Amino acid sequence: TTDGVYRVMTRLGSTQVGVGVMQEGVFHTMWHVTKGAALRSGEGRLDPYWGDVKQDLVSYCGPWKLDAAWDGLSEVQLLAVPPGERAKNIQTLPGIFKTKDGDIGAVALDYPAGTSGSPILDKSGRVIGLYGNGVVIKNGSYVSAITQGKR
């Protein structure tokens, strides 16, 4: 229930398939991490509430709550939660995905796939998007969009 960043694990052996953000009682992760499946939190169960394959986002127990956005100028921080590592902050200046529908910030950071869903933060600590949907430009140089929903 408590706000924060969470590992998404799956059950022999346990594997980390992703990361998500709990905020205002709603769990936020990327759609390709869970494919919309229900999640367990302690003895409780978290049920999908909203999802969108095109945005590659899903929320549990409530509507999408994150609405901060990159200002287009300042450095941000990827709060990466890699499998088997403690959460760590990676500061970077985002690149830009230029699209027909406008510009999207993007971070040229390449972490293991179980880090998908890790939040990208602004200088005030607000989540401006989630990590792990993007493109490869040349020889596994992965660039992730800063993927944010609509509150």
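Numbers for residues come from their place in the sequence shown, where the first is 1.
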Interresidue gap class [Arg11, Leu12; deposited sequence, unmodelled]: 1 to 3
Higher-B stretch (mean Cα B-factor, as the entry records it), 139-147 or 19-27: 139-147
Selected stretch [higher average CA B-factor]: 90-98 or 52-60: 90-98
Selection from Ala113, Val107, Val33, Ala37 [criterion: highest C-alpha temperature factor in the record]: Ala37
Lowest, middle or highest third - CA B-factor, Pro83: middle
